[PDB]
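[1] Sequence first, structure after, both from an experimental entry:
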Amino acid sequence: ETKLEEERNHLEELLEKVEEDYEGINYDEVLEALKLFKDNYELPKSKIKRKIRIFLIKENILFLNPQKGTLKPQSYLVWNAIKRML
């Protein structure tokens, strides 16, 4: 899976940045956020802290549907990288 290890390396890279580098984002809260998605593909956006949602959206991991007020992985590739890594 070139395709899936691309997004796996995307999530990997993002996760490294978050632990080491982003003093603004708690790694462990990012993990707990993303893990929600292993059980449920789409979910209310209030399930996750704003700062974190904003970040994960900015970083193309999650998509916000403003009409439905839900979050979900930006693609199935992302979703599968979550399942596999978290």
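    Cool, got the structure. Numbering: from 1, shown residues only.
[2] From residue 2, how far off is residue 64?
    28 Å (CB to CB, to the nearest Å). C-beta coordinates here come from the backbone N, C-alpha and C atoms, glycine included.
[3] ok, which stretches of this structure are helices?
    Secondary structure of the chain, counting by DSSP state H: helices at 2-16, 27-39, 50-58, 76-85.
[4] quick one: which of residue 64 and residue 2 has more around it?
    Counted by other CB atoms under 10 Å, residue 64 and residue 2 do not tie: residue 64 has more neighbours, with 16 against 5.
[5] My guess is that one contacts residue 50. True?
    No: the pair residue 64 and residue 50 fails to qualify as a contact (CB atoms under 8 Å) at a distance of 11.3 Å.
[6] Next, the buried residues of stretch 27-36.
    For stretch 27-36, burial by neighbour count (16 or more other CB atoms under 10 Å) applies to 30, 33-34.
[7] any idea which of those residues is the one closest to residue 85?
    Set against residue 85, the nearest of the buried residues of stretch 27-36 by CB to CB is residue 34 (8.5 Å).
[8] can I get the helices of the chain in CSV with distance to residue 68?
    Shown next, in CSV, are the helices of the chain (distance: least, CB to CB, whole Å):
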stretch, distance to residue 68
helix 2-16, 24
helix 27-39, 16
helix 50-58, 14
helix 76-85, 17
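[9] Would you point to the one among these that's packed deepest?
    Comparing those by mean neighbour count (mean count of other CB atoms under 10 Å), helix 76-85 comes out on top with a mean of 17.
[10] Who are the packing partners of that one?
    Judged by 3 or more CB pairs under 8 Å, 6 or more residues apart in numbering; DSSP states H and E, helix 76-85 is in contact with helix 2-16, helix 27-39, strand 70-73.
[11] Which one, of the ones you listed, ends up nearest to residue 81?
    Closest to residue 81 of these is helix 2-16 (CB to CB; 4.4 Å).
[12] starting at the chain centroid, how far to that closest one?
    Relative to the centre of its chain, helix 2-16 is centred 11 Å away, using CA atoms, centre = their mean, to the nearest Å.
[13] just the angle between that helix and helix 27-39, please?
    Angle of helix 2-16 versus helix 27-39, following axes from the mean of the first three to the mean of the last three CA atoms, to 10 degrees, is 150 degrees.
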